[PDB]
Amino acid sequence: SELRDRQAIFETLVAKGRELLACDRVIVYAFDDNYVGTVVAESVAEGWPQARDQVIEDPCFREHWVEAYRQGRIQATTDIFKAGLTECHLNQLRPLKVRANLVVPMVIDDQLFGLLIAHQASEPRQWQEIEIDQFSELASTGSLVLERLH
């Protein structure tokens, strides 16, 4: 019954992450072999759309950033409307409602498994260094558990 164990870990990570940051949504965004992402687990505050089990293909990861995320890159955005993003990027976030986000990597067996992502849905938010470090550690601990369970 290993498959249900993996899902239980994903659910623990999103619930604990939303509690740590007191934000509107936390998701696990997992990659397939095309680096298309699926929202495999979600904790979301009542009143905002559920991204659970949506499939979002964003080519920037495979084209530009996979190796960087494997080496510990993050994305911290206080206000996505002031970040100089293209309409294509904004259009993919608009159905979910994202005003600020924090993106940290999940690396398992030296591969980029996915991203643990926090959203503030309607207000900007300056993420503080301690919040980034706690959220990164949560992702790193969860990834290591998954690596050792096989």
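Numbers follow the displayed sequence, beginning with 1. Throughout, rigid core stands for the largest set of C-alpha atoms superposing within 1.5 Å between the two forms.
- In a rigid core superposition of the other structures in 5 other deposited structures of this protein, 6 to 14 and 20 to 28 differ in how far their CA atoms stray, and the farther one is 6 to 14.
- For the pair 26 to 34 and 59 to 67, the mean Cα B-factor is higher in 59 to 67.
- Of the two stretches examined, 83 to 91 and 116 to 124, the record assigns the greater average C-alpha temperature factor to 83 to 91.
- Per the PDB record, 130 has a higher Cα B-factor than any other of 130, 21, 14, 139.
- Per-chain ranking of the deposited C-alpha B factor places residue 54 in the middle third.
- Sort the chain's modelled residues by C-alpha temperature factor and residue 108 lands in the highest third, per the entry.
- Residue 1: CA B factor lies in the highest third for its chain, per the PDB record.
- When the modelled residues of the chain are ordered by their C-alpha B factor, residue 75 lands in the lowest third.
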